[PDB]
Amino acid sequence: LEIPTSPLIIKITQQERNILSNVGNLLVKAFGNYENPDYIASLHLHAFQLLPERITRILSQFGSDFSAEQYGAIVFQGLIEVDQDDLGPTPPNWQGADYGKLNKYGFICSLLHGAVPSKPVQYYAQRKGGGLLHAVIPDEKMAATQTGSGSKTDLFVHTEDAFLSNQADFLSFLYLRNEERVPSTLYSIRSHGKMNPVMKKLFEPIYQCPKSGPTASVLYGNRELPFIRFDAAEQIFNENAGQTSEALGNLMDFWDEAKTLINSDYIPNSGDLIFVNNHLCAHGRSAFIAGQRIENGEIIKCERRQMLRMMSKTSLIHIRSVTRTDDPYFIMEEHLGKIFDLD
């Protein structure tokens, strides 16, 4: 067994980059925007027909790969060319993002999800939906917070929406800007190798997954090669987590083993995309001061970090009891089965 300790790195070629750009432009002209119901309905057809063949092959292989050798993450280096001057300054927060300017990127990202094959979705739990594509920008008003809008503190490794029974299957993180040279942290359940006594206790549905309350298993799926639902900040380093002495102990014993396996080697460049199997690989990023980097004992001022996130589900059927009646891509789940009580 070759235990995976790092993600697969794919160096995108100039020809691939040029195909993606032309195909992105074409889809913008044809459908207006990536949330067009006609485009979403024929997504997989557009993905398999319009993407560079090597991208399609990589993502198809990845979608059904849950083997011992599979890390659960891919870095697509130089997927897109970002013209920094055209992009202009980073808005003060995600609310200031110009999705008219990010439209082509949303098309490109949705094609990658559609080749898994997987369908982009939105969550009421995340910005009351906020669309299929989210701009992740450091907000000065939320500098030391444990969110995507944060900066000043370490964003602990977590799988996305550990508190939801219908959390994303796949995630894409498109880096438009990372001039602060913030490392992206990744953690795979596969980095542990063979099933062990510490891991086995996590299959027990005795754990709190904060958004008494309902409990769930941290490990699920196959007993030998499991899937993971984990949030270190929310489940372990939270005074209000409400874990039992037994569960907290198990989580702590697990965190001790897991923290040595966290990979912080990759520093994304502008135009890089990280593609994640949200059932295998947790993500985070180190602390940073937005709009600056330190080099040879001097402060270098720069444009603020800007990343685009897209989430997807492989089945609209399984999630149908938690989606909107008139939108099967809009997840209304609040906490482990419970739906948001709105009206």
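A residue's number is simply how far along the shown sequence it sits, counting from 1. Rigid core here is just the name for the largest C-alpha set that superposes within 1.5 Å across the two forms.
Undergrad: Any chance you could tell me whether 96 to 104 or 154 to 162 drifts more in 4 other deposited structures of this protein, judged by RMS CA distance from this form after superposing on the core?
TA: Between 154 to 162 and 96 to 104, greater C-alpha deviation in 4 other deposited structures of this protein belongs to 154 to 162.
Undergrad: Between residues given as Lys211 and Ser212, how many of the deposited sequence are not built: none, 1 to 3, 4 to 9, or 10 or more?
TA: Count of unmodelled residues in between: 10 or more.
Undergrad: On mean Cα temperature factor in this entry, is 99 to 107 or 141 to 149 the higher one?
TA: It is 141 to 149.
Undergrad: Test of understanding: from the entry's C-alpha B-factors, which stretch has the higher mean, 152 to 160 or 202 to 210?
TA: Mean B over CA atoms: larger for 152 to 160.
Undergrad: Choose from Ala68, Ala282, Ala287, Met310 the residue with the greatest Cα B-factor as stated in the PDB record.
TA: Highest C-alpha B-factor among the listed options: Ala287.
Undergrad: Which one of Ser165, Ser172, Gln77, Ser245 shows the biggest C-alpha B-factor in the PDB entry?
TA: Among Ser165, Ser172, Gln77, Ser245, the highest C-alpha B-factor in the entry belongs to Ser245.
Undergrad: Is the Cα B-factor recorded for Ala47 in the lowest, middle or highest third of its chain?
TA: Tercile = middle for this residue's CA B-factor.
Undergrad: Taking the chain's C-alpha temperature factors as the reference, tell me which third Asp85 falls into: lowest, middle or highest.
TA: Highest third of the chain for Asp85's C-alpha B-factor.
Undergrad: Among the modelled residues of this chain, does the Cα B factor of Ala241 put it in the lowest, middle or highest third?
TA: Its C-alpha B-factor, which the entry lists for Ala241, ranks in the highest third among residues of this chain.
Undergrad: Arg54: which third of its chain by C-alpha temperature factor?
TA: It falls in the middle third of the chain.
Undergrad: Please say which third, lowest, middle or highest, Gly114 falls into when its CA temperature factor is compared across its chain.
TA: Its C-alpha B-factor, which the entry lists for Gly114, ranks in the lowest third among residues of this chain.
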